[PDB]
Amino acid sequence: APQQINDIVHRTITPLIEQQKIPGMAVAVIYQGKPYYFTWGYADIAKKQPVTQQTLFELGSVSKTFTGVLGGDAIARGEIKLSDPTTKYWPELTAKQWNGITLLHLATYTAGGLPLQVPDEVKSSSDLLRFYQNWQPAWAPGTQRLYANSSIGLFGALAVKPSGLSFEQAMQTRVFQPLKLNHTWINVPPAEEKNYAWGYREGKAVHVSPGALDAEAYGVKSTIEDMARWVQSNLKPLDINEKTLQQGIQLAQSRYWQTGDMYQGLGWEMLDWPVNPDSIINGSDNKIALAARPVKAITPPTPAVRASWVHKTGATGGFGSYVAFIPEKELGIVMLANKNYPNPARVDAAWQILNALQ
Ligand SMILES: *[B]([O])([O])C1=[C]N(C2=[C]C(Cl)=N[C]=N2)N=[C]1
């Protein structure tokens, strides 16, 4: 890398790893559209395996950006509409509270208080039906945002129904393959296990456990190289050859709802650039990000704004991830770590790096 990129990345990330006691970390900076990679520490402390550019990390809720884009592609294919009722794709969902709740509301956490987690008790497809049939909204649809796996996860499951493909097969064929993300997995294959980092929670080595709607809400694993290519594709969608995927990317960065200075996309969240660093840093703390907040509809949604800070945090029990990019500047960053450390620290580091390069 250019010395300037090397210096800022090292000066920011080294103290971060020390302060947060992060075992292993990988970072990619996309600068003028080209990726530069950095790695530190251990993918597996016990076995002394270093983090490399091929190490797989659990992306946690950064997975929601893939779900958002896959749903976008399904809209662009004419398979689904965001204005369609949820019941069009799940006719057994007959309970009356669902009248008025559309795929838009599911994709954007605005259905009226679907919960952050699907209950652990829910396993089977019939367990899921019963959970959604019995769920009671706190609020009318399209009035309040409450970030929720049970919301976007159901969107991802329904979005692929008309294709007839399983969610994983759809993601593989329609998103990962066309973008050449050949080391990004919903289920890590045996051949790639040697590269799968452990996560660390309270000093214990851990991987994510199976759960309902896991693939759709938090289940993607990827390397720093593939995540850089993910950022390049979302920075410059018009260079993607597959037409519906190009559109699906653009649709996922449309602005559907506003709360404070943030806009809700499909998976992605966006703010006008230049941003107030306090606004994104403080806003990323779970005390704000997981809170129930009134939303203003953006009628109609604003198509992808190039002058935006587009981002998503992600975590699992043992991993912490962050992606941000600014289309107008051809600039972005991916940070993957195998410890779940506080969101504001991630965002502070990313802003320090991107602000210095912008
Ligand atoms: B996301 O905000 O990172 C996210 C991840 N999870 C989650 C849930 C379960 Cl049961 N297991 C791992 N991760 N929820 C939200």
Side-chain angles (χ1 to χ4, degrees), residues 20 22 25 56-70 106-111 113-122 124 127-128 131 145-157 167 171 184-188 196-200 205-222 227 230 252 259 262 264-270 280-281 283-286 288-293 310-324 334-338 340-347 350:
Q20 301 294 335
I22 294 175
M25 185 149 193
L56 292 170
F57 290 82
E58 287 172 10
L59 298 182
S61 295
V62 172
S63 300
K64 290 172 176 68
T65 68
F66 291 95
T67 299
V69 172
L70 181 64
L106 293 180
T108 59
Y109 318 120
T110 52
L114 283 167
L116 172 58
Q117 309 290 344
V118 181
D120 190 40
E121 300 76 272
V122 172
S124 47
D127 276 4
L128 249 206
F131 163 68
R145 180 187 182 271
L146 178 68
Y147 178 82
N149 294 336
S150 68
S151 191
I152 192 170
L154 178 59
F155 170 72
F167 186 83
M171 187 65 75
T184 298
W185 312 102
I186 284 167
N187 292 294
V188 178
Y196 190 2
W198 284 98
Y200 287 96
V206 293
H207 283 149
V208 68
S209 293
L213 301 174
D214 58 359
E216 294 87 348
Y218 50 88
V220 174
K221 294 94 198 187
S222 192
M227 289 307 293
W230 180 233
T259 167
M262 79 106 79
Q264 183 63 55
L266 310 177
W268 295 114
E269 300 170 14
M270 296 77 54
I280 50 172
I281 291 156
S284 72
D285 192 296
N286 284 336
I288 289 175
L290 301 185
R293 290 280 222 263
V310 185
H311 70 164
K312 185 69 188 86
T313 56
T316 60
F319 289 83
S321 64
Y322 185 57
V323 172
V334 180
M335 300 165 57
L336 307 178
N338 62 352
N340 175 10
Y341 64 101
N343 287 332
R346 307 184 201 171
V347 183

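Position 1 is the first residue of the sequence; numbering continues from there. Computation of the quantities below employed the complete heavy-atom set of this structure, encompassing side-chain atoms and omitting hydrogens, waters and symmetry-equivalent molecules. Each ligand, and each atom within it, is numbered from 1 in the order the structure gives.
In summary, the side chains of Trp230 and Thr184 do not present any donor paired with an acceptor at a separation below 3.5 Å, with no hydrogens or angles considered.
At distances below 3.5 Å, at least one donor-acceptor pair connects side-chain atoms of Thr67 with backbone N or O atoms of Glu216. Side chain of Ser61 to main chain of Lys64: no donor-acceptor pair is present (N/O by atom type, distance under 3.5 Å, no hydrogens or angles).
Interatomic distance, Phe57 CZ to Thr316 OG1, rounded to the nearest 0.5 Å: 11.5 Å. Note that CZ of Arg346 and NE2 of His311 are 12.0 Å apart. Values are rounded to the nearest 0.5 Å.
Proximity of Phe319 to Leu336: side-chain heavy atoms (C-beta onward) are nowhere separated by under 4.5 Å.
Protein residues having a heavy atom under 4.0 Å from any atom of ligand 1 are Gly60, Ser61, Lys64, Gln117, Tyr147, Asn149, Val208, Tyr218, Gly314, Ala315, listed by chain and number.
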